Every structure is written in C-alpha cells, then in structure tokens.
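# Architecture and fold: a report
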Amino acid sequence: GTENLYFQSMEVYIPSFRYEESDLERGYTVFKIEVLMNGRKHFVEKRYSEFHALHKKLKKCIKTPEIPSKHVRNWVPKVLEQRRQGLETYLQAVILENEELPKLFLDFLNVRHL
Amino acid sequence: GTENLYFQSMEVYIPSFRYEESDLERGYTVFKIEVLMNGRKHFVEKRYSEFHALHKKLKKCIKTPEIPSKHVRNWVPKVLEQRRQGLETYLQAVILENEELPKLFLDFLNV
C-alpha cells in the first residue's frame, strides 16, 4: 500500500562528488550516484565524460533532457557543485519522462531487467 | 654481536589525496600518508584538519617545522597539490629534526 511505494519508480540522487589525484597521475572528478529502487539502495560512480557518452547514445533512443555543459570551469569547486546538481536533474528527468527506460540507461546505473 | 642493536629508519610520503564534497557537508580533503620502516610499508589517511590537530599538540612537545595554513576555503587542484607538498615536507621535517619522536606523532602515523 504504502509498501507498494517502494516498488514504483527508481529514485536517483547524486549526493556527492570527489576529485582525486594519485602519485603523478592526472586528477579526475567522479560523481557518486545513489539509486533507490525496490526498497534497496545502490551506489554507482561516474565521470562527467561517462554522462556525456551516455547522452550521445541516449539521444538516438529518446528525447533527452539538456545535458549540463562540457564548457564550464570544471576545476572550480562551486562549478563542480553546479554540475553535480545538473547531472542529478538530468538523470531524474530521464526517469520522470520515460516510463520504459532504455537498456542503455539501466546499464549505466547497473540495473538489469527480469 | 649486534643482537641488542636495531635500525631507526622511518620515511614518510604523501603520494595522494582526495577532495570530497557531499550534499549537506563542508567539502574536505583526505591525504594518504605512506609510512616506510623496518622493511615494511603501510598507509594512513588523514583529513587536513587532523594535521592541524596534531600540530597544535606537537608544539607543546617539540619545536615544530612550519606548516601550511590551518584553513583553506577553495580546494582547487593547484592548492591541493601545494598543501600536499607542504604537509609532506612537514612530516619529513619532524622525522629529520627529532631523534626521539613523540608518541603522539607515532600514534598519528599508526606506528
């Protein structure tokens, strides 16, 4: 009843990000996606470039939301926060607008059908 | 022979860091310290604030090396790297300057 509320729709957030630099390697920023579904919670880590690659493919499947821009000061923490918010809104909009999600999108979130 | 003798050998490096931001929290940085001694290596992670908490205590024990400033508003990549290097130099200076290391320093390094 209210329990059925746990099995209706995938609820996605991006509550955090991290920028990491190891030894002499180039730094990179990863967004930590939280997926709530069927009363369970799962985390998935993705770089912006992976969202952008997803987007390019998804556009061939569905009408997509606007992706947050690649043309941002992607080294500035407050800009990275805005991007986090934008990516979160993007994933949520895909879920809201598309009753049957493309396998491309499920794969991105490590969700499988049947 | 040399049964009662041992090497006093410790080296420290900070090879990596991560800056973490999460929705209702202040962003913070965690530094990974590599500790080498007596033929073995281990790692310990410390937030930037933990270095300053160490420093405050250490000053009561010994004359400390210079440390980078306690507060950092904006962790852009060049500041992250500058603070990594500064903190590394600080830990290495403590080891070079002090024949007998304070227990509170050893505890910080998990030795």
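Residues numbered from 1 in each chain as written, not as in the entry; some residues may be left out. Chains lettered and ligands numbered in written order. Heavy atoms only, no water. Residues with missing side-chain atoms left out of burial classes, pairs and counts.

## Quick look at the interface of chain B and chain A
Of the residues lining the interface, 13 residues belong to chain B; the matching set on chain A comes to 12 residues. Summed over both sides, the interface of chain B with chain A buries roughly 1,200 Å², with 57% coming from carbon and sulfur. A per-residue breakdown of the area chain B buries against chain A is headed by B:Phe17, B:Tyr19 and B:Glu21, which together make up 41% of the total. Our count for the chain B to chain A interface comes out at five residue pairs in polar contact. Going through the elements one at a time, β1 (10-22) and α2 (77-97) of chain B are the ones with two or more residues in the side of chain B that touches chain A. Tallying contributions element by element places β1(B) first for the side of chain B that touches chain A, with eight residues. Considering only residue class, the side of chain B that touches chain A consists of seven nonpolar, two polar and four charged. Across seven bridges, the pairing between strand β1 (residues 11-22) of chain A and β1(B) is antiparallel. Bridge assignment links A:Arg18 to a residue of β1(B), and that residue is B:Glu20. (Contact = heavy atoms within 4.5 Å. Buried area = accessible area lost by both parts, 1.4 Å probe. Polar contact = N/O pair within 3.5 Å; in protein donor to acceptor, adjacent residues only side chain to side chain. Helix = DSSP H or I, 4+ residues; strand = E, 2+ residues; numbered from the N terminus. Nonpolar A, V, L, I, M, F, W, Y, C, P; charged D, E, K, R; others polar. Pairing = 2+ DSSP bridges.)

## A closer look at the pattern of salt bridges
Inspection of the entire model under this criterion finds 10 salt bridges over all chains. A salt bridge links A:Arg18 to A:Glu45; its shortest N-O distance comes to 2.9 Å. In this pair, A:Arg18 sits in strand β1 while A:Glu45 sits in strand β3 (residues 40-46), placing the two residues 27 residues apart along the sequence. In this structure, B:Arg84 engages B:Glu88 in a salt bridge whose closest nitrogen and oxygen atoms are separated by 3.3 Å. You can see B:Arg84 and its partner B:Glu88 sitting in helix α2, four residues apart, about one turn around the helix. Residues joined in a network through salt bridges with shared partners are A:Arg18, A:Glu20 and A:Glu45. (Salt bridge = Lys/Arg side-chain N within 4 Å of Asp/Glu carboxyl O.)

## Considerations on the UniProt feature "binding site: a 1,2-diacyl-sn-glycero-3-phospho-(1D-myo-inositol-3-phosphate)" in chain A
All names here are of chain A. According to UniProt, the positions carrying the feature "binding site: a 1,2-diacyl-sn-glycero-3-phospho-(1D-myo-inositol-3-phosphate)" are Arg47, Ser49, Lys70 and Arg83. These residues run over 37 residues, yet every pair of their C-alpha atoms falls within 12.1 Å of each other. Mapped onto the secondary structure, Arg47 falls in the loop between β3 and α1 (48-58). Overall, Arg47 belongs to the partly exposed group, its relative accessible area being 37%. Leave out the neighbours within four places in its chain, and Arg47 touches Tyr28, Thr29, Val30 and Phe31. If you trace the backbone, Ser49 turns up in helix α1. The exposure class assigned to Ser49 is partly exposed, which follows from its relative accessible area of 47%. (UniProt positions renumbered as here; feature names shortened; annotations may be inferred. Buried < 20%, exposed > 50% of the residue type's maximum accessible area, 1.4 Å probe, protein only.)

## A word on unusual backbone geometry
Non-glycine residue A:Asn38 carries a positive phi angle of around 55 degrees. Position of A:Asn38 among the secondary structure elements: in the loop between β2 (28-37) and β3. For A:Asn38, a relative accessible area of 34% gives the class partly exposed. Within the chain, B:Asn110 stands out as a residue other than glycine whose phi angle is a positive 60 degrees. Tracing the backbone through its elements, the reader meets B:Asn110 in the segment after α3 (103-108).

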